[PDB]
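Shown next, in structure tokens, is the structure this report addresses.
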Amino acid sequence: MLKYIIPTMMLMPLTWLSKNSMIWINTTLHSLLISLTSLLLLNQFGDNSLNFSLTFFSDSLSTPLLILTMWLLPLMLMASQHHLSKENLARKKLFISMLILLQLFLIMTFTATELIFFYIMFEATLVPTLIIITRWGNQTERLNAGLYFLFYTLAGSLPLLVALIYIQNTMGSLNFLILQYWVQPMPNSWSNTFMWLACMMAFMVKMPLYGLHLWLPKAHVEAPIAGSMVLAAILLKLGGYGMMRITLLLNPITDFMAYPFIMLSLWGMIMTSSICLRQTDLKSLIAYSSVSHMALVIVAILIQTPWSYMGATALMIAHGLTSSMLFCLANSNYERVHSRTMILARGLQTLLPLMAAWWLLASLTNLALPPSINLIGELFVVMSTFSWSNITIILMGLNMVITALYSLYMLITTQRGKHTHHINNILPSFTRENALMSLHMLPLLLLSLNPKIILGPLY
Amino acid sequence: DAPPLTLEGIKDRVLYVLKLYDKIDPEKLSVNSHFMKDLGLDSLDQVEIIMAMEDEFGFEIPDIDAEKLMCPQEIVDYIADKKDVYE
Amino acid sequence: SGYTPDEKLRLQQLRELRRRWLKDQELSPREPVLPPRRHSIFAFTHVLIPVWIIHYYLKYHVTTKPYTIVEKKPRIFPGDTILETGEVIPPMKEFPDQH
Amino acid sequence: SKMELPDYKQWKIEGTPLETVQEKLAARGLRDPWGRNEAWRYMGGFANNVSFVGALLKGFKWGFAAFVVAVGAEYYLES
Amino acid sequence: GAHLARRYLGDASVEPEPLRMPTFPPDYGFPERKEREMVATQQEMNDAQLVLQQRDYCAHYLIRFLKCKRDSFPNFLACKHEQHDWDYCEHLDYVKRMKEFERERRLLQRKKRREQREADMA
Amino acid sequence: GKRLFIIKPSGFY
Amino acid sequence: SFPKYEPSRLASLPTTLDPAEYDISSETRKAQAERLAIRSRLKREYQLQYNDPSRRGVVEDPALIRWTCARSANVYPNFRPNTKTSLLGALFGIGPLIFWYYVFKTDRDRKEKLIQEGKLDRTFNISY
Amino acid sequence: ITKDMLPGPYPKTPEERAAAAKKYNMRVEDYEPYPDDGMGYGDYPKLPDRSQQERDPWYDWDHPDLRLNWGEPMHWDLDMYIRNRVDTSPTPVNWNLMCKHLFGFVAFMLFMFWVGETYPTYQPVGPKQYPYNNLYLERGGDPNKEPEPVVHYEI
Amino acid sequence: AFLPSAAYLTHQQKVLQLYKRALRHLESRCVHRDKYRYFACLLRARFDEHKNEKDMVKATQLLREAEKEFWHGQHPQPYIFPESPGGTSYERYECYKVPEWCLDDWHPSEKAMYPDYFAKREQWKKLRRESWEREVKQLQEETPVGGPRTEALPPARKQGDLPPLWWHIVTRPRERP
Amino acid sequence: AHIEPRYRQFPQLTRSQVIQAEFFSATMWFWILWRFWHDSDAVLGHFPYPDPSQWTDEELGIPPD
Ligand SMILES: CCCCCCCCCCCCCCCCCC(=O)OC[C@H](COP(=O)([O-])OC[C@H](O)COP(=O)([O-])OC[C@H](COC(=O)CCCCCCCCCCCCCCCCC)OC(=O)CCCCCCCCCCCCCCCCC)OC(=O)CCCCCCCCCCCCCCCCC
Ligand SMILES: CCCCCCCCCCCCCCCCCC(=O)OC[C@H](COP(=O)([O-])OCC[N+](C)(C)C)OC(=O)CCCCCCCCCCCCCCCCC
Ligand SMILES: CCCCCCCCCCCCCCCCCC(=O)OC[C@H](COP(=O)(O)OCCN)OC(=O)CCCCCCCCCCCCCCCCC
Ligand SMILES: *C(=O)CCCCCCCCCCCCC
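Protein chains in written order, with my numbering: chain A, 1 to 459; chain B, 1001 to 1087; chain C, 2001 to 2099; chain D, 3001 to 3079; chain E, 4001 to 4122; chain F, 5001 to 5013; chain G, 6001 to 6128; chain H, 7001 to 7155; chain I, 8001 to 8177; chain J, 9001 to 9065.
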């Protein structure tokens, strides 16, 4: 994995030694070169994971998250270069440094062979995210949002530290490859109950779990566009990655510990989606949609059937692409009206037709239109949870109604109807913005041709 | 489809409908005949004149605009303003 | 009572400006100024080349794979003859004639 | 461009059901003011419109004639 | 449709129930009753791929009609006689089902008159 | 003949 | 005589059938004139900015900003935990969680009891 | 935008109520806040819950699709009372009478389908008769077993 | 109720609006023109019966029970004109009513496609921006203290002035673009 | 020449639309009469419905006891 970590670190001299007008073009070019290089991780086998060293390996779960992560950096650089154009050159280089450093932490978070190194990188991802939100966020509430984002994650994860060090003392190792073969069944006790909670609640917060999700409609909304892209597209999916790693060590206790949390998700996706029907802030509507979509990933990991893991990792990759594009579309209208009120700018298909078509495609992938990998993940999770209990389809199916309802209302409020009269600074769509939308949507639609690469280690 | 109106055509059709009204003598009627003060018509008759204009040209005049059309010239001007004639 | 004289004067002035605008929406005879820019081809490019492509794809890539084009076997009647074999199927039993 | 309207004097309500409406209004001391405005709907080429069985039997004569010719043709053709 | 009134507005005792009948032996009232002769061999209508509803006691006319309809393409108006034969033999099978229904109705009238004669006897 | 200008947004970009 | 119109929550009373529409009293005249005055002032203040050729941007509506601030930011500083909010938060918050918990727990206890006893038809079930 | 044009706490003195009504651009006798039970409304006005469909459509609105003006205090549920959503407009038949007619019609239809299912119609025929022991091999019977002899007779 | 100029509906205006709505809903009930013609003259006779009532209390009462009469006797699906609010073609072409300022954001390769149109548009924008300050100082010298009482706007007063707040009334899009 | 709009009177008819409409109306009635002449049983009935009371008990097997 050292053929990826070293170019990501060489992106630091590539942004701090660049000419003052070349610091976006060079970082975009070489980050796209790293993203083209990321395809070598697709050397996956049906039996063995691509095991590099004592420190790094990459199975078919971590590989699509890595390719999405290394792809997301050029898209964040294209997204965040317009509103940081009047910024000081040193703070501009510091912003690019925080994005590069966050990618650097993420690519060795997903390839951590050992779990306490996973913890160190997993909590290392807080600090560039916290600095990006609380420094380049636009409104007043970025400080409070950074506080909530920091202290939900740390309060969930400092018991995870004690739990992982307890596994290191008990089993002898926190290598995942060793613990595939030295896993002991976890019996029923209160000690093993709080063992389970300490191993799970950090990732429950990072997914987020319903009831614990209060950081997210502040952290995703008060962030800048690159912060919202990396928080929605990757940093939620650390929780699903970590749960899929750590429920190896939590059997058969998960079979009766998952019962409340599944309820919290199966009801939570009914609530948060319903919250999306009454959100006046468009960016908050996309945030609660992200909560509603990650509730299915929580359910699928907690029922721990193969169809559920295949659908959950397909839903993670698909929601990363779709939610990143929806935040970028909301930014494309925020850079024209300078407000996030959804009812303010209306009728935008009369003025911006191709950008309305990008809104249309992002809304159709949001509502899981087949054969998108959104629908492949959604459908496979629904199959596995019908196998879990035959009544859950009601909570699934009603969700698939409400998920349609706000996905098109967002399309009807913003793009359709009569245009707002007094708003006259609606510029034509830049080539940069349509490039951003196309680089989100075209990989998402190409993955419908060959979806087996985003279906996880048990395809 | 949808033949474009003119001011002369709207004037001819408005005075055509008003000549077909038995409470208006077609030898006194001009474009500037006030209905209450020159033709001596009732307010109910003015409402019926506006409703015949609606049935003639195929669109609704609202009440706040119906009550302020007191001659054929203002009716022709209102249909000109709502149909964008002489473009 | 219709409009006030202020409202009549305003509607006349707005009417004049509106008709000026709508008349000035018309085109010039030079506008638009444009930049300086086989009978059965539809039977060839849209019928026949896709028939060629799809027949090659079915014949040498799809029929070469097992159970891809699975076809219902044709319907054998009493009185038929098999083309691959030549075995004539014997006809039905003689009818109890009804009418 | 210029469209010449027909005459307003020709649309009289004699010969229409507007005449019957004016009679049944003047029987009780009323008078119909908008008869000549509605007089065009019941006159001209829009007068004497067909009934419903007349609408269904459109082309029944020519269809029956072609039917008789075809039945005679197949009666002659068998012999 | 008058049997609907005879079974619903009337009694269900003398009326035959549709789903469970014949409720009598077939020999009860028939000296030397012959069986039904199936003309089409089971392998013949196996190879003719008929619908399982269509594989009744009168499938041989349908096999002849389908062989005609294949052998007369595109002249799709030239096998009316085989279709008329199959429709007439389906009519005959429907008449046999009506005869079975009327037989059951008259036997239930017979049992009703039998139990009434037994009730008036002693 | 009395062709009217159709106002539409900039479809160049 | 005629059946009187019954207004509902989703079917309001018409303006024509409303008695308070017909109030010819002078205090209602002053109320209607004062509302016309406020609406005329806001209309003028809007369309002075709206017709300005030097303006190229968003005419900011403090009513819309005020509404979006009232829907989100002012909810918790004007929250008081009392009997009504506690009963509605415990009835609507942890109520359906308990409900769906007992439904899914009872269904899975029933299904696992049928499977481990060899009752549930699981013949071709090999995808899970 | 500034602080004293943003929503605040619930007004309890009449001068704070007058300042609230001046803030929301509406008359003090027309200004009614939500009742202070602690639901987070604050000083926000309780508009009388009319849909935007009920507004006068012929008026020269500032926002014609929303039928709403500039500076006009929006309803709390303005996202809910748009013309794409919940309409409170008056209906020519009473709401309770509509519910009576709909529930009575649906319940009568369900009851009469149950009556027709309990007493079904049929034709005065016997069962359909099939050869070869009621088509034993065709229905999927195994040939190593042997069914009971189903024999049909002529009539 | 809700009017831009007047703060209310007068009794005479309420009677006229009831008369128009009664004839329209009656015409919806009375599809054919002769049958509507007969019953519309009967309804005109009913309106002309109580025309000369001088007691405003009694007249308001008669208007109120006439509204009850109408609400009991209205058509459920009345006739609506196609471009009328509620009609089948109402606000249909709003997706083609592109505002004028979008023409300011064209590329020069498509502005040069119409040279006379934009060369004529520049003097519209010129006339607008040199009429703007005169009409603003017209509005702030004629409006009373306390704001304008009604939503009515004054006309132009001089020979050379354009009427105040005129641009989005003159340069509104056509109803059939 | 194309059809010019008229005012308060019957519009200009093409000869072509009248002869097409009359041809297809005659074609409808020709086809209905043709298929009613030849078939005549898809409407009225193909085979006679027997009366079950008219069946003797000898063919239905009712021994008088
Ligand atoms: C590996 C090689 C692969 C080669 C083949 C590639 C296959 C497709 C891949 C994805 C294509 C997306 C690109 C088009 C849409 C986005 C851009 C756009 O709108 O442009 C409009 C523009 C034309 O319109 P315009 O008038 O100029 O402007 C638009 C107007 O303003 C007004 O706009 P509008 O709204 O009127 O027009 C938009 C319209 C709006 O229409 C819709 O939104 C309706 C679509 C949904 C309902 C119908 C489809 C339902 C599903 C059935 C189809 C899938 C299964 C079929 C298979 C058999 C059955 C299983 O959409 C379309 O016309 C698109 C038709 C195809 C739709 C495909 C499905 C997308 C729906 C959302 C996701 C659904 C699930 C995933 C499906 C993935 C399929 C691969 O198109 C272009 O300029 C095209 C540019 C070139 C595009 C290249 C795309 C591929 C790039 C990949 C590069 C790397 C690989 C190399 C291959 C390169 C191939 C050329
Ligand atoms: C984001 C907010 C929510 C975060 C939730 C985090 C998880 C919730 C539960 C955490 C419990 C504490 C960590 C447990 C680690 C268990 C490791 C282990 O070996 O356990 C077995 C051990 C058992 O000891 P042992 O393993 O040495 O015993 C040998 C084995 N037997 C039992 C057979 C003798 O458990 C313990 O010793 C105690 C476990 C419970 C600890 C209770 C104290 C903490 C209370 C809860 C704090 C939760 C977070 C607080 C902050 C909230 C926000 C401000
Ligand atoms: C084989 C068995 C068959 C059984 C059939 C019966 C079972 C289903 C029972 C009925 C459920 C559906 C009907 C109720 C909801 C209908 C909502 C709808 O369509 O609203 C339309 C409304 C605008 O309609 P309208 O006013 O007519 O538009 C013209 C404008 N003047 O639009 C709006 O108001 C916009 C609303 C947007 C938000 C929608 C909120 C409601 C969502 C309801 C979801 C219900 C899911 C139920 C799932 C059950 C699964 C078991
Ligand atoms: C007995 O009536 C058997 C027929 C089927 C059941 C009754 C069907 C009634 C409707 C069909 C006949 C209608 C005659 C006007």
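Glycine residues also receive a C-beta, built at the ideal position from the N, C-alpha and C atoms.
#### Entry: Distance between beta carbons of A:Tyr259 and G:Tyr6101, contact taken as under 8 Å
The pair is a contact, with the Cβ atoms about 7 Å apart (cut-off 8 Å).
#### Entry: Helix, strand or coil at J:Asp9057 according to DSSP, with G and I counted as helix
helix
### Query
Between the C-alpha atoms of A:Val297 and A:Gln168, what's the straight-line distance to the nearest angstrom?
Taking the straight line from one Cα to the other gives about 28 Å.
### Query
Since C:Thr2063 and C:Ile2054 are thought to touch, with beta carbons under 8 Å apart, how far apart are those beta carbons, to the nearest angstrom?
With 8 Å as the limit, C:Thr2063 and C:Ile2054 do not qualify as a contact, their Cβ atoms being about 12 Å apart.
### Query
Can you name the residues that DSSP bridges to A:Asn175?
A:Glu114, per the DSSP bridge assignment.
### Residues sharing a beta bridge with H:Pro7033, DSSP
H:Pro7045
### Message
Bridge partners for C:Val2088 per DSSP, in chain order?
### Response
C:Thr2081
### Task
Determine, using beta carbons only, whether G:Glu6021 and I:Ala8006 come nearer to each other than 8 Å.
Contact annotation: G:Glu6021 and I:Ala8006 have beta-carbon atoms that are not nearer than 8 Å.
### Status (buried if at least 16 other CB within 10 Å, exposed otherwise) for G:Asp6109
exposed
### Query
Can you tell which of A:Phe256, A:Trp267, A:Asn43 and A:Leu101 has the C-alpha that lies nearest to the C-alpha of A:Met396?
A:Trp267
### Query
So which residues of chain H does G:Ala6031 contact, with C-beta pairs closer than 9 Å?
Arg7027, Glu7029 and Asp7030
### Task
Flag A:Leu408 as yes when its Cβ comes closer than 7 Å to any non-hydrogen atom of ligand 3, and as no otherwise.
no
### CB of A:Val183 within 8 Å of CB of A:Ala300, strictly
no
### Spatial distance of E:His4091 from E:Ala4012 (CA atoms)
28 Å
### Start-end ranges of the alpha helix (DSSP H) lying completely within the region 1025-1083 of chain B, minimum 4 residues
If we require 4 residues or more, the alpha helix (DSSP H) runs fully inside the region 1025-1083 of chain B come out as 1043-1057, 1063-1066 and 1072-1083.
### Straight-line gap, D:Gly3059 to H:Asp7060 (C-alpha atoms, nearest Å)
54 Å
### Query
Among residues of its own chain, excluding the 5 on either side of A:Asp281, which ones have a beta-carbon nearer than 6 Å to its beta-carbon?
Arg340
### Query
Assuming E:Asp4047 contacts C:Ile2076 under a Cβ cut-off of 8 Å, what Cβ separation, rounded to an integer in Å, is found between them?
4 Å
### Message
Given this structure, state the Cα-to-Cα distance separating D:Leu3030 from I:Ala8045, to the nearest angstrom.
### Response
8 Å
### Task
Determine the direct distance from the alpha carbon of I:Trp8124 to that of C:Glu2016, and round the result to whole angstroms.
14 Å
### Task
Mind reading off the beta-carbon distance from A:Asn434 to A:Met355? Whole number of angstroms is fine, and I expect it under 8 Å.
7 Å
### Per-residue DSSP class, three states only, for H:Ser7051
coil
### Task
With DSSP as the reference, label F:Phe5012 as helix, strand or coil.
coil
### Task
Less than 8 Å between the CB atoms is what I'm expecting for A:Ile317 and A:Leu11, so what's the real figure, rounded?
Wrong, their Cβ atoms sit about 23 Å apart, outside the cutoff.
### Query
Cβ atoms of A:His440 and A:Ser324: under 8 Å apart, would you say?
Cβ distance < 8 Å, so A:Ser324 and A:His440 count as in contact.
### Three-way DSSP call (helix, strand, coil) for H:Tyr7153 in this model
strand
### Task
Give the secondary structure of H:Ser7089 by DSSP, where H, G and I count as helix, E and B as strand, and everything else as coil.
coil
### Task
Tell me where the alpha helix (DSSP H) around A:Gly242 begins and ends.
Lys237 to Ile246
### Query
Alpha carbon to alpha carbon, what distance is there between A:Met171 and A:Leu344?
58 Å
#### Entry: CB contact check: A:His338 to chain I, cutoff 8 Å
Cβ-Cβ to chain I under 8 Å: no for A:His338.
#### Entry: Any C-beta of chain A under 8 Å from that of H:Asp7060
no
### Task
Please classify G:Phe6092: does DSSP put it in a helix, a strand, or coil?
The three-state reading of DSSP puts G:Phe6092 in helix, counting H, G and I together.
### Query
Which whole-angstrom value is the C-beta distance of G:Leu6042 and H:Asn7025, which I expect to be below 8 Å?
Going by Cβ atoms, the distance from G:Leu6042 to H:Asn7025 rounds to 6 Å, so yes, they are a contact pair.
### Query
Could you give the distance in angstroms between the alpha-carbon of I:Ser8109 and the alpha-carbon of C:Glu2031?
13 Å
#### Entry: Which listed residue (I:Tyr8079, I:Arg8129, I:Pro8173 and I:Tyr8093) has its alpha carbon closest to that of G:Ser6054
Answer by Cα proximity: I:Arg8129.
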